[PDB]
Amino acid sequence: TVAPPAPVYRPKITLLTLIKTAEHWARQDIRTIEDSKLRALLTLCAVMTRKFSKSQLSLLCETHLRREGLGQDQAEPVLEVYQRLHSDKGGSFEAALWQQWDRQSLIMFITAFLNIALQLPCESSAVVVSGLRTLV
């Protein structure tokens, strides 16, 4: 790999605002909220899923199952949602989820995600985690 030459010297939705929004909504009862707020929460989950490394999605899936009491047979559909939100372009998969899932299924999934996302590490790589150790 060849690096480029070094430089020659002659409401903002920031990472923190995203976390704060998730913390607030993880604490709320969204079972009765309006469709417009629920649609926005789906976007929040899609954006936040993309703040997890691709390799961390397996643990995210498994933590989701454990919190919800879901069986191991339910792992692939849950992992598929996370993987396809993570690789989503122009909200294509996110819109398919909104259109094809029942409201109750989306509320269950969004609540489970919001209540696990802030406690899980956003990186799974042993090299990244060991690399960052000296800085924390």
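Start at 1 and count along the sequence shown; that's the residue number.
Count the deposited residues lacking coordinates between residue 10 and residue 11 and you get 10 or more of them.
Two stretches are in play, 32 to 40 and 45 to 53, and the higher mean C-alpha B-factor belongs to 32 to 40. Ranked against the other modelled residues of its chain, the C-alpha B-factor of residue 26 as given in the entry falls in the highest third.
For residue 103, the recorded CA B-factor ranks within the highest third of the chain. Only modelled residues enter the ranking. Among the modelled residues of its chain, residue 111 has a C-alpha B-factor that falls in the highest third according to the deposited record.
Sort the chain's modelled residues by C-alpha temperature factor and residue 127 lands in the middle third, per the entry.
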